[PDB]
Amino acid sequence: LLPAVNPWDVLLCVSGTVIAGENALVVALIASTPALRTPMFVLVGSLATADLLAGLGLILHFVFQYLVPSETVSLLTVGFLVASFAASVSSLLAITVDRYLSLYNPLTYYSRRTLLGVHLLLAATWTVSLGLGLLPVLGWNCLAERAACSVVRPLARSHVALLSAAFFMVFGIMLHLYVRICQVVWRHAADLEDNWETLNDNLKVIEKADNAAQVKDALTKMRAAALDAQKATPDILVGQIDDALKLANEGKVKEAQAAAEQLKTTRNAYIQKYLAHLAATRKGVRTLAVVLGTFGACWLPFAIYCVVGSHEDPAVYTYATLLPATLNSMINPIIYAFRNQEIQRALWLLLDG
Ligand SMILES: Cc1cc2nc(NC(C)C)c(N3CCN(Cc4ccc(F)cc4F)CC3)nc2cn1
Ligand code: NA
């Protein structure tokens, strides 16, 4: 398709309908499903709305780039594409802090600070994304004799470059947070083993002592280890330790040890529970990793070409950089369905009349 410019367009022309359609479906499910009202999925919905504007913007671009009322309207549509890109990258960052903050300390991840911040994230996102998309309609265009146009007219090279430079820095920070997220998950997975080691060491030393105090020390060091596992990623175990502790103090070494050995019944069920949650956390973080990789891999080529390209360069270099960026909004709805089970359930929920 090197010499085929319009066939490059027709590929994107109908692809905008797909991107507009599929995202329009996702935004509905988040809005129409209470289980998806959690901050994670609300922020994902914003990305869908951002990816939604991408499909609408280019659809109206072709509809107006070919037999439109006027070109000034086409200068609004480019704002939609600008607005979508800012609304997509901005919200994509927002999902990262939600993951980091949620994993960093869920107890501090309360329904007050979080839900408050969530509305500001979307508000601070779209108020800026739209604002950037509206700047061209206030003079930030390239249709002047003293302004050089970019690969995507009427956007000027000066302004697309600032967006490109801003995008690199924003994407550079999102990578840093993802590592911090990993550090959080690693740390949450590290202190857990220490509690398990101390918890098991305490159980064993309980048997290897004939003093009623050695039992108290191990249980006290055991209760603290049990408690530390709760503050990390927020009953019967500690409750049974309390019952075990209640016996140790009042001279019940023989029977207090018996209660310590029933903890294994709960502890075996207690340990088997935490492992699954980290599996859910890793996949949730893993899905975050995949999304970030696709976003950059599909937008970065355009981010560079719009700054280092020349108007003496062929057009195929333009679409070759827009094609991944355009279809990036088509792929984002697909990723969550195949990875995130909570939203995938609603997708296959509708099965028959
Ligand atoms: C036929 C056609 C389709 C276009 N489809 C655009 N969008 C799609 C890829 C969602 C698009 N936009 C314009 C706004 N732009 C913002 C931007 C993004 C990154 C960057 F480094 C610098 C920037 F200025 C994104 C691409 N222009 C187009 C021009 N003609
Ligand atoms: Na996107």
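Residues numbered from 1 in each chain as written, not as in the entry; some residues may be left out. Chains lettered and ligands numbered in written order. Heavy atoms only, no water. Residues with missing side-chain atoms left out of burial classes, pairs and counts.

You'll find the protein chain entered in the PDB entry as G-protein coupled receptor 6, Soluble cytochrome b562 chimera, with Homo sapiens given as the organism. The title field of the PDB entry reads "Crystal structure of orphan G protein-coupled receptor 6 with bound inverse agonist 3h". Of the comments in the UniProt record for the protein chain, the one headed Function reads "Orphan receptor with constitutive G(s) signaling activity that activate cyclic AMP. Promotes neurite outgrowth and blocks myelin inhibition in neurons (By similarity)." Its UniProt record, at the heading Subcellular location, says of the protein chain: "Cell membrane". (UniProt positions renumbered as here; feature names shortened; annotations may be inferred.)

Some remarks on the coordination of the sodium ion (ligand 2)
Looking at the sodium ion (ligand 2), the protein donor atoms are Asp-51 (OD) and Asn-328 (OD1), and they sit 2.4 to 2.9 Å from it. Taken individually, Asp-51 and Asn-328 each receive the classification buried, so the pair is uniform in this respect. (Donors = N, O, S within 2.8 Å, 3.2 Å for Na, K, Ca; no water. Buried < 20%, exposed > 50% of the residue type's maximum accessible area, 1.4 Å probe, protein only.)

Thoughts on the site of ligand 1
Surrounding ligand 1, one finds 18 residues, the nearest of these being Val-82, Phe-85, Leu-163, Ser-164 and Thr-326. Considering ligand 1 on its own, with 640 Å² of exposed area, one finds that the protein chains cover 96% of that surface. Counting only elements with at least two residues in the shell around ligand 1, the list comes to helix 2 (39-65), helix 3 (71-104), helix 5 (157-207), helix 8 (253-308) and helix 9 (316-339). Looking at the shell around ligand 1, the element that brings in the most residues is helix 8, giving four residues. Residues of the shell around ligand 1, tallied by class, amount to 15 nonpolar, three polar and no charged. (Near = heavy atom within 4 Å. Areas by Shrake-Rupley, 256 points an atom, 1.4 Å probe, with all protein chains shown as cover. Helix = DSSP H or I, 4+ residues; strand = E, 2+ residues; numbered from the N terminus. Nonpolar A, V, L, I, M, F, W, Y, C, P; charged D, E, K, R; others polar.)

Things to note about the UniProt feature "transmembrane region" in the protein chain
The positions UniProt marks with the feature "transmembrane region" are residues 8-27, 40-63, 76-97, 119-138, 164-182, 285-311 and 317-338. Its end C-alpha atoms 35 Å apart, residues 40-63 is made of 100% helix and 0% strand. Helix makes up 89% of residues 285-311 and strand 0%. Its end C-alpha atoms lie 41 Å apart.

Looking at empty space enclosed by the protein
In this approach the atoms are scanned with a rolling probe the size of a water molecule, which exposes any empty space left behind. Estimates place the volume of the largest cavity at around 50 Å³. What lines the largest cavity is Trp-8, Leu-11, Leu-12, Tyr-319, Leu-322, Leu-323 and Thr-326. Elements represented by at least two residues in the lining of the largest cavity include exactly helix 1 (5-32) and helix 9. Among the elements that make up the lining of the largest cavity, the one with the highest residue count is helix 9 (four residues). Of the residues belonging to the lining of the largest cavity, the class tally is six nonpolar, one polar and no charged. (1 Å grid on protein atoms, 1.4 Å probe; cavity = no way out; pocket = protein on both sides within 12 Å on 5 of 7 lines; lining within 4 Å. Points joined across faces, edges and corners; volume = space filled by probe spheres on them.)

Quick word on the nonpolar core
Grouped burial of nonpolar side chains is what soluble globular proteins tend to show. By size, the foremost hydrophobic cluster in this structure holds 46 residues, and its most contacted members are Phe-167 and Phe-295. For this core, the secondary-structure elements that each account for two or more residues are helix 1, helix 2, helix 3, helix 5, helix 8, helix 9 and helix 10 (341-349). With 10 residues, helix 8 is the largest single contributor of residues to this core. Once residues within four sequence positions are removed from consideration, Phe-295 is found in contact with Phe-85, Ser-88, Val-89, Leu-92, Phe-167, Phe-171 and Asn-328. (Core = buried A, V, L, I, M, F, W, Y, C linked by side-chain atoms within 4.5 Å. Contact = heavy atoms within 4.5 Å.)

Let's talk about the state of the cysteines
Here the structure, examined in full by the defined rule, presents one disulfide. The residue that forms a disulfide with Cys-142 is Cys-149, at a sulfur-sulfur distance of 2.0 Å. Sign of the S-S torsion, about 90 degrees for the bond between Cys-142 and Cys-149, identifies this disulfide as right-handed. Residue classification places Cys-142 among the buried positions, given a relative accessible area of 2%. (Disulfide = S-S within 2.5 Å.)

Some remarks on the environment of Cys-298
Along the chain, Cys-298 turns up in helix 8. Judged by its relative accessible area of 11%, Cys-298 is buried. Through-space distance from the C-alpha of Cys-298 to that of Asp-235 is 47 Å; in sequence the pair is 63 residues apart. Setting aside chain neighbours within four positions, we find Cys-298 in contact with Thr-321, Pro-324, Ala-325 and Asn-328.

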